[PDB]
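K.L.:
Below you will find the structure I want to go over with you.
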Amino acid sequence: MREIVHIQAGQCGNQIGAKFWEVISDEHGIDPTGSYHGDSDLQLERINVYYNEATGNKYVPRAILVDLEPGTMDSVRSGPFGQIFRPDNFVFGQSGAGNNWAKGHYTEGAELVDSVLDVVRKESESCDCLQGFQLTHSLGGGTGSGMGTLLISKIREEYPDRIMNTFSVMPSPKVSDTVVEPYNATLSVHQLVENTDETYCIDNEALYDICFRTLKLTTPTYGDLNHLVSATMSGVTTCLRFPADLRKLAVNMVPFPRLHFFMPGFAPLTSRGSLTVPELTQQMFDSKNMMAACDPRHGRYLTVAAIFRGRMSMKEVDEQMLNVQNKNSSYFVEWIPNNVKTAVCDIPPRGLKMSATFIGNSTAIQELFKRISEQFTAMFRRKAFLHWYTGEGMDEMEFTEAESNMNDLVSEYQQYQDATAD
Amino acid sequence: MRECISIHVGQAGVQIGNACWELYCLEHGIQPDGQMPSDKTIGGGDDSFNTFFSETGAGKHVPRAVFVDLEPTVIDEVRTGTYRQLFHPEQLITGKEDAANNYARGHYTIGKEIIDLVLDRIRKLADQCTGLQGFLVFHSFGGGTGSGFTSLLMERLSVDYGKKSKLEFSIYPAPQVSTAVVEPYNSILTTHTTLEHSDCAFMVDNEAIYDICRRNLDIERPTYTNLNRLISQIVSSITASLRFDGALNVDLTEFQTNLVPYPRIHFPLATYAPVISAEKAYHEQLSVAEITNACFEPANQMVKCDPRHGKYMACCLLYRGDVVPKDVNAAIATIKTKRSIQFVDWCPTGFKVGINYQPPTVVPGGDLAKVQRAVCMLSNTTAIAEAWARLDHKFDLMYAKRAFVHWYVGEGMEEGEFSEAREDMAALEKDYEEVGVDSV
Amino acid sequence: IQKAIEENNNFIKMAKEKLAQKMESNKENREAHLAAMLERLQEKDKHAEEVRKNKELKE
Ligand SMILES: Nc1nc2c(ncn2[C@@H]2O[C@H](COP(=O)(O)OP(=O)(O)OP(=O)(O)O)[C@@H](O)[C@H]2O)c(=O)[nH]1
Ligand SMILES: Nc1nc2c(ncn2[C@@H]2O[C@H](COP(=O)(O)OP(=O)(O)O)[C@@H](O)[C@H]2O)c(=O)[nH]1
Ligand SMILES: COC(=O)Nc1nc2ccc(C(=O)c3ccccc3)cc2[nH]1
Ligand SMILES: [Ca+2]
Ligand SMILES: [Cl-]
Ligand SMILES: [Mg+2]
Ligand SMILES: [Mg+2]
């Protein structure tokens, strides 16, 4: 009834995208062949949200796989669940982006964007009532960042009354050595501020720090970082997949159109070496459990959504959510009453009896944008590596515009952080 | 004759409607297939229960009701539920995209696409009536459909049915059972736009019902199912005078004459007793005096407010079950000596009493104990303005920063409607103060 | 009784008109909001043509 159309672009977008479908396919009882062999009818009640019912009663992800190189997508077809994806929904080119936003947004990506939209229309027109789109991508690359923001802008032209959500992976020096990542990220944020309703800030800095400090991984792999992303995306989409739509959920989380960048959180986060409701709640409000490298106690919450999964006492959940709010009242803006909402789903994730997923619209997210801006200006005031972008036809002003737009986003977060009721 | 048409709007309206019609069927002996063995007149009749039920030639008793929602999931449960055979399919109306808790989408963007079909289906119910009395509209304040589409429907009903009476059962938002943040906006918007088109509205505070279920029925974490079964009992007490008859029965319209001193002051405070579990009702007979005393315990009110800090403009007592005037009069005399009951100086102080001898029913598997006698008090007190004050204050907090307003503007509304609606509420709060001031 | 008929008819009339004006004012506002959104997106499309043209010149 309420369908979502999923898109994954670039290496990162396709990697976490594949993991997302692995995890939710398991939760819904779908095997790599697309057949259902579950044990509960709750797994199928809202399976239409993300899957199409095909001939032979096989369920096909409503997913579109995009990349300017075939490398990663070839791994998807060969990896686990590579055969459930609709083969025609693979839209790849050979040119590549070379980690250049301009090549993805303007040059190489523009040549391919039309063939991507062709698959989007065929998927959308088969929907009884399309909720909207979710995109997985990184902001430091070239395809996911450049062609992803282009796809968003062009999808919005044909579907302006549909929700556009993104799971955007922010760059960090701790994960990738590529130098121009601040440029690609700042150019992308400039786009996401305008053309998305919800953006989950999946910060590689925070993912690494969690794997290293908490999970005790000396050398975290992309697979280790992605296990966190997979569990997070499963959590934030749980209320959509198991028995409100993207719009109602955005309405209660986005008080201002530009301030739609969320801090994801998850609990429990434990290493392979060695749980109460009070502890779950305390953890998901701890800075250590945030998938964005921001301290929520350096800002204030505009809105918060929290979903608990597993068998537990709703009364105890109600008490502890009221408990943490009163003890942290200062960090919740007064001018949005009742801005913390809670949901429960009886079905826990895989390998856990209880979990909690945190979605925070906190002004503390400015710390993340401030970090990207610092890296950006440290390279743009020298005009370093700019020839990669002017070579594609860009002008220095577009770099200056994207810069000052993100600095405005920061000052806008600071405005409402300092605002008071009286 | 004197038919009433019920209109259930949005999730809260539909689910509360399900509970009410289930309870009505049990009270009248109607089976889930619409058959009523005790009814010896087949295909028609002028009995008291015919105010709420029509009859087909095959002996089916069909609610005079329309269910409307902008998404189908809630009404689908009616189409496949136990009482699915009770409703003709045309009485259940659904879109496919809801209002997303946005008044603008319920009143404009989405609502305008279905409003014509809804009015057409209501007309078909009205055409079956020989003397239509009015409409009963069930809806939430907080939902985008309950707020936005209800306002649109009420405006349209005034046009199509003149000043035929329209009564509301409105669910006032409570944070304990809501996951929406923009409910203060939707509440003020719908209250402003509906105020001219409603003759009388019974607000039900979800927090008050939530507290009663926890305190009096020992339910740890009430669900909508728990709240709705209790709400259905109060609704039943209020409509019992229309569906049953008796020598001591007083029609709801006659109570309304006393409850509404000015058109805008049409929000009665309901208080219901006894709410008691089976375990406590065992070897426990609550007398007329005991349930009457409970009416003046604020914890049993449908809306959280303090009548002791306001003034009364009317007090009505709707009894049902084993109750005779002698005991009522004795109970009332006792209460007048021990309670803070201050009337405005321009209104008589007598209590208006009605008795419906039919005893109340309970749904199987419920938590409410079956009792021999119950009572619903309907009072017009200035204290109900406290509910407007709390809601208006949450409105002001968010609107001073224009939080979430872009969602409404994006769907076509203007900031002028927000300030215009808030000013109407400020005048309403002012109206409630003025009525409580002593005369010159 | 004539006054009663006139007041009821005038109430019906003013409500019918008040609503007709609200629903038209809302239609125009929503249509304008969506038109401005697309106009911004077309402007970006034009800017993309200039970028691809600026590349060609450098060659
Ligand atoms: N008492 C009671 N309140 C309910 C029920 N369902 C929803 N509510 C309340 O109604 C408000 C939300 O409005 P809904 O009726 O669910 O929304 P809707 O009318 O369907 O409108 P949209 O879904 O936004 O299109 C919240 O304050 C809920 O607590 C119910 O079954 N019983
Ligand atoms: N968490 C995570 N981050 C990734 C992955 N692959 C790439 N990245 C990040 O994304 C950025 C590189 O962008 P990439 O997606 O590889 O470029 P693209 O293929 O042109 O879209 C770097 O900052 C990486 O840290 C992945 O599998 N997981
Ligand atoms: C694909 O992108 C998305 O899934 N978007 C999205 N936005 C959301 C907002 C909230 C929630 C909740 O779980 C929730 C928890 C408690 C109360 C209310 C809601 C889930 C969301 N999912
Ligand atoms: Ca009959
Ligand atoms: Cl329908
Ligand atoms: Mg790469
Ligand atoms: Mg609804």
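Ordering of the structure tokens sets the chain letters (A, B, ...), residue numbers begin anew at 1 in every chain, and ligands are numbered from 1 in the order given.
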Got a sec to check which residues lie within 8 Å of ligand 6, using only C-alpha atoms and all ligand atoms, and send them as a PDB file with N, CA, C and O atoms, in the first residue's frame?
P.N.:
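Wrote result.pdb, looks like this:
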```pdb
ATOM      1  N   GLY A  10      27.032   4.737  -5.899  1.00  0.00           N
ATOM      2  CA  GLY A  10      28.432   4.754  -5.530  1.00  0.00           C
ATOM      3  C   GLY A  10      28.838   3.520  -4.750  1.00  0.00           C
ATOM      4  O   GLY A  10      28.030   2.658  -4.401  1.00  0.00           O
ATOM      5  N   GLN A  11      30.140   3.440  -4.471  1.00  0.00           N
ATOM      6  CA  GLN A  11      30.669   2.305  -3.722  1.00  0.00           C
ATOM      7  C   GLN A  11      29.996   2.196  -2.360  1.00  0.00           C
ATOM      8  O   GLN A  11      29.358   1.185  -2.042  1.00  0.00           O
ATOM      9  N   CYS A  12      30.128   3.236  -1.535  1.00  0.00           N
ATOM     10  CA  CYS A  12      29.551   3.192  -0.197  1.00  0.00           C
ATOM     11  C   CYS A  12      28.052   2.932  -0.257  1.00  0.00           C
ATOM     12  O   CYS A  12      27.537   2.040   0.426  1.00  0.00           O
ATOM     13  N   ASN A  99      36.368  10.083  -7.629  1.00  0.00           N
ATOM     14  CA  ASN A  99      36.176  10.839  -6.392  1.00  0.00           C
ATOM     15  C   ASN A  99      36.079  12.336  -6.672  1.00  0.00           C
ATOM     16  O   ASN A  99      36.616  13.167  -5.934  1.00  0.00           O
ATOM     17  N   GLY A 141      32.840  10.742  -1.665  1.00  0.00           N
ATOM     18  CA  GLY A 141      33.178  10.159  -2.950  1.00  0.00           C
ATOM     19  C   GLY A 141      32.836  11.072  -4.107  1.00  0.00           C
ATOM     20  O   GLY A 141      32.807  12.302  -3.977  1.00  0.00           O
TER      21      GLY A 141
END
```
K.L.:
Taking only C-alpha atoms and all ligand atoms into account, which residues are within 9 Å of ligand 7, as a ChimeraX atom specification?
P.N.:
/A:244 /B:10-12,69-74,97-101,143-146
K.L.:
Under the rule that only C-alpha atoms are counted, which of C:57, C:15, C:51, C:5 is the nearest residue to chain A?
P.N.:
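Closest to chain A of all the choices is C:51.
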K.L.:
From a DSSP calculation on the backbone, collect every residue of region 39-231 of chain B in strand (DSSP E or B) and output the set as a PyMOL selection string.
P.N.:
chain B and resi 53-55+61-63+65-69+92-94+134-140+165-172+200-205
K.L.:
Enumerate, in order of chain and increasing residue number, the residues of chain C with an atom no farther than 12 Å from chain A, each with its shortest atom pair and distance in Å to one decimal, counting only C-alpha atoms, as CSV.
P.N.:
```
residue,atom,partner,partner_atom,distance
C:30,CA,A:161,CA,10.9
C:31,CA,A:161,CA,11.5
C:33,CA,A:160,CA,10.6
C:34,CA,A:160,CA,7.5
C:35,CA,A:160,CA,10.0
C:36,CA,A:160,CA,11.2
C:37,CA,A:160,CA,8.2
C:38,CA,A:157,CA,6.2
C:39,CA,A:157,CA,9.5
C:40,CA,A:157,CA,9.8
C:41,CA,A:153,CA,6.9
C:42,CA,A:157,CA,8.4
C:43,CA,A:153,CA,11.2
C:44,CA,A:153,CA,8.7
C:45,CA,A:154,CA,8.9
C:46,CA,A:106,CA,11.3
C:47,CA,A:106,CA,9.6
C:48,CA,A:106,CA,6.2
C:49,CA,A:106,CA,8.5
C:50,CA,A:393,CA,7.8
C:51,CA,A:393,CA,4.5
C:52,CA,A:393,CA,5.9
C:53,CA,A:393,CA,7.2
C:54,CA,A:393,CA,4.7
C:55,CA,A:393,CA,4.3
C:56,CA,A:393,CA,8.0
C:57,CA,A:393,CA,8.9
C:58,CA,A:391,CA,7.7
C:59,CA,A:391,CA,9.5
```
K.L.:
Kindly determine which residues of chain B lie within 12 Å of chain A, considering only C-alpha atoms, and give the answer as a ChimeraX atom specification.
P.N.:
/B:71-73,95-103,105,109,143-144,173-185,214,219-223,390-411
K.L.:
Could you tell me which of C:9, C:32, C:26, C:20 comes closest to chain B if we count only C-alpha atoms?
P.N.:
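Counting only C-alpha atoms, the residue closest to chain B is C:26.
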K.L.:
Show me which residues sit within 6 Å of ligand 2 when counting only C-alpha atoms and all ligand atoms, and put them as a PDB file with N, CA, C and O atoms, in the first residue's frame.
P.N.:
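part-v1.pdb was written with the following content:
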```pdb
ATOM      1  N   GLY A  10      27.032   4.737  -5.899  1.00  0.00           N
ATOM      2  CA  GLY A  10      28.432   4.754  -5.530  1.00  0.00           C
ATOM      3  C   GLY A  10      28.838   3.520  -4.750  1.00  0.00           C
ATOM      4  O   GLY A  10      28.030   2.658  -4.401  1.00  0.00           O
ATOM      5  N   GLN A  11      30.140   3.440  -4.471  1.00  0.00           N
ATOM      6  CA  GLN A  11      30.669   2.305  -3.722  1.00  0.00           C
ATOM      7  C   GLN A  11      29.996   2.196  -2.360  1.00  0.00           C
ATOM      8  O   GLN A  11      29.358   1.185  -2.042  1.00  0.00           O
ATOM      9  N   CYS A  12      30.128   3.236  -1.535  1.00  0.00           N
ATOM     10  CA  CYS A  12      29.551   3.192  -0.197  1.00  0.00           C
ATOM     11  C   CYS A  12      28.052   2.932  -0.257  1.00  0.00           C
ATOM     12  O   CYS A  12      27.537   2.040   0.426  1.00  0.00           O
ATOM     13  N   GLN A  15      27.403  -0.603  -0.909  1.00  0.00           N
ATOM     14  CA  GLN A  15      27.861  -1.494   0.153  1.00  0.00           C
ATOM     15  C   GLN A  15      26.857  -1.536   1.299  1.00  0.00           C
ATOM     16  O   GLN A  15      26.311  -2.596   1.628  1.00  0.00           O
ATOM     17  N   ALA A  97      33.930   8.069 -11.546  1.00  0.00           N
ATOM     18  CA  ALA A  97      33.882   9.434 -11.043  1.00  0.00           C
ATOM     19  C   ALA A  97      35.214   9.945 -10.515  1.00  0.00           C
ATOM     20  O   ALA A  97      35.369  11.159 -10.362  1.00  0.00           O
ATOM     21  N   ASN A  99      36.368  10.083  -7.629  1.00  0.00           N
ATOM     22  CA  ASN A  99      36.176  10.839  -6.392  1.00  0.00           C
ATOM     23  C   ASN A  99      36.079  12.336  -6.672  1.00  0.00           C
ATOM     24  O   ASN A  99      36.616  13.167  -5.934  1.00  0.00           O
ATOM     25  N   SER A 138      27.635   8.014   0.109  1.00  0.00           N
ATOM     26  CA  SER A 138      28.610   8.784   0.863  1.00  0.00           C
ATOM     27  C   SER A 138      28.713  10.180   0.265  1.00  0.00           C
ATOM     28  O   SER A 138      28.372  10.409  -0.899  1.00  0.00           O
ATOM     29  N   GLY A 140      31.732  11.930   0.533  1.00  0.00           N
ATOM     30  CA  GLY A 140      33.133  12.194   0.259  1.00  0.00           C
ATOM     31  C   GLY A 140      33.600  11.666  -1.083  1.00  0.00           C
ATOM     32  O   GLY A 140      34.643  12.089  -1.591  1.00  0.00           O
ATOM     33  N   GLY A 141      32.840  10.742  -1.665  1.00  0.00           N
ATOM     34  CA  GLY A 141      33.178  10.159  -2.950  1.00  0.00           C
ATOM     35  C   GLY A 141      32.836  11.072  -4.107  1.00  0.00           C
ATOM     36  O   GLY A 141      32.807  12.302  -3.977  1.00  0.00           O
ATOM     37  N   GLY A 142      32.570  10.461  -5.261  1.00  0.00           N
ATOM     38  CA  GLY A 142      32.209  11.208  -6.451  1.00  0.00           C
ATOM     39  C   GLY A 142      30.852  10.829  -7.005  1.00  0.00           C
ATOM     40  O   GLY A 142      30.067  11.698  -7.397  1.00  0.00           O
ATOM     41  N   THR A 143      30.564   9.528  -7.048  1.00  0.00           N
ATOM     42  CA  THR A 143      29.290   9.060  -7.582  1.00  0.00           C
ATOM     43  C   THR A 143      28.169   9.248  -6.563  1.00  0.00           C
ATOM     44  O   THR A 143      27.190   9.955  -6.822  1.00  0.00           O
ATOM     45  N   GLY A 144      28.301   8.620  -5.394  1.00  0.00           N
ATOM     46  CA  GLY A 144      27.268   8.753  -4.382  1.00  0.00           C
ATOM     47  C   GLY A 144      27.003  10.198  -4.006  1.00  0.00           C
ATOM     48  O   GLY A 144      25.852  10.600  -3.822  1.00  0.00           O
ATOM     49  N   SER A 145      28.063  11.001  -3.900  1.00  0.00           N
ATOM     50  CA  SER A 145      27.911  12.393  -3.491  1.00  0.00           C
ATOM     51  C   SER A 145      27.442  13.265  -4.649  1.00  0.00           C
ATOM     52  O   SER A 145      26.475  14.021  -4.514  1.00  0.00           O
ATOM     53  N   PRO A 171      32.453  12.020   5.532  1.00  0.00           N
ATOM     54  CA  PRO A 171      33.856  11.596   5.495  1.00  0.00           C
ATOM     55  C   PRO A 171      34.614  11.964   6.761  1.00  0.00           C
ATOM     56  O   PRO A 171      34.287  12.924   7.464  1.00  0.00           O
ATOM     57  N   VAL A 175      39.263   7.256   8.259  1.00  0.00           N
ATOM     58  CA  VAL A 175      38.799   6.124   7.469  1.00  0.00           C
ATOM     59  C   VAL A 175      39.347   6.149   6.049  1.00  0.00           C
ATOM     60  O   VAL A 175      39.765   5.110   5.524  1.00  0.00           O
ATOM     61  N   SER A 176      39.359   7.314   5.405  1.00  0.00           N
ATOM     62  CA  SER A 176      39.852   7.442   4.040  1.00  0.00           C
ATOM     63  C   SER A 176      40.923   8.520   3.977  1.00  0.00           C
ATOM     64  O   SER A 176      40.773   9.595   4.567  1.00  0.00           O
ATOM     65  N   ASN A 204      31.501   8.619   9.546  1.00  0.00           N
ATOM     66  CA  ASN A 204      32.587   7.645   9.604  1.00  0.00           C
ATOM     67  C   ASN A 204      33.492   7.877  10.806  1.00  0.00           C
ATOM     68  O   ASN A 204      34.043   6.919  11.360  1.00  0.00           O
ATOM     69  N   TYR A 222      35.848  -1.810   6.740  1.00  0.00           N
ATOM     70  CA  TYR A 222      34.572  -1.289   6.263  1.00  0.00           C
ATOM     71  C   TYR A 222      33.423  -2.209   6.651  1.00  0.00           C
ATOM     72  O   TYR A 222      32.298  -1.742   6.863  1.00  0.00           O
ATOM     73  N   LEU A 225      32.603  -1.148  10.245  1.00  0.00           N
ATOM     74  CA  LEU A 225      31.833   0.090  10.232  1.00  0.00           C
ATOM     75  C   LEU A 225      30.413  -0.154   9.738  1.00  0.00           C
ATOM     76  O   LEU A 225      29.461   0.461  10.234  1.00  0.00           O
ATOM     77  N   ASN A 226      30.250  -1.052   8.765  1.00  0.00           N
ATOM     78  CA  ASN A 226      28.943  -1.255   8.149  1.00  0.00           C
ATOM     79  C   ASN A 226      28.011  -2.085   9.016  1.00  0.00           C
ATOM     80  O   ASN A 226      26.787  -1.953   8.896  1.00  0.00           O
TER      81      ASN A 226
END
```
K.L.:
If the cut-off is 7 Å, can you tell me the residues of chain B near chain C, counting only C-alpha atoms? I'd like them as a PyMOL selection string.
P.N.:
chain B and resi 108+155+158-159+162+410-413
K.L.:
Could those residues be written to a file, using C-alpha atoms, as an mmCIF file, in the first residue's frame?
P.N.:
```cif
data_model
loop_
_atom_site.group_PDB
_atom_site.id
_atom_site.type_symbol
_atom_site.label_atom_id
_atom_site.label_comp_id
_atom_site.auth_asym_id
_atom_site.auth_seq_id
_atom_site.Cartn_x
_atom_site.Cartn_y
_atom_site.Cartn_z
ATOM 1 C CA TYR B 108 -7.421 20.930 1.850
ATOM 2 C CA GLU B 155 -18.530 23.484 7.266
ATOM 3 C CA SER B 158 -23.956 23.489 7.728
ATOM 4 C CA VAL B 159 -24.385 24.330 4.035
ATOM 5 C CA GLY B 162 -28.780 24.363 7.489
ATOM 6 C CA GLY B 410 3.711 24.032 2.083
ATOM 7 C CA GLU B 411 0.201 22.586 1.767
ATOM 8 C CA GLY B 412 -1.400 25.979 1.052
ATOM 9 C CA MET B 413 -2.188 27.534 4.442
#
```
K.L.:
Hey, what's within 9 Å of residue 38 (chain B) if we count only C-alpha atoms and toss same-chain stuff fewer than 6 positions away? As a ChimeraX atom specification, please?
P.N.:
/B:28-30
K.L.:
Mind writing the picked residues with C-alpha atoms as a PDB file, in the first residue's frame?
P.N.:
```
ATOM      1  CA  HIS B  28     -30.203  -3.658  22.267  1.00  0.00           C
ATOM      2  CA  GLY B  29     -29.697  -7.385  21.676  1.00  0.00           C
ATOM      3  CA  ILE B  30     -28.423  -6.962  18.108  1.00  0.00           C
TER       4      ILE B  30
END
```
K.L.:
Rank B:24, B:432, B:141, B:83 by their smallest atom-to-atom distance to residue 237 (chain B), using only C-alpha atoms, and report the top residue only.
P.N.:
B:24
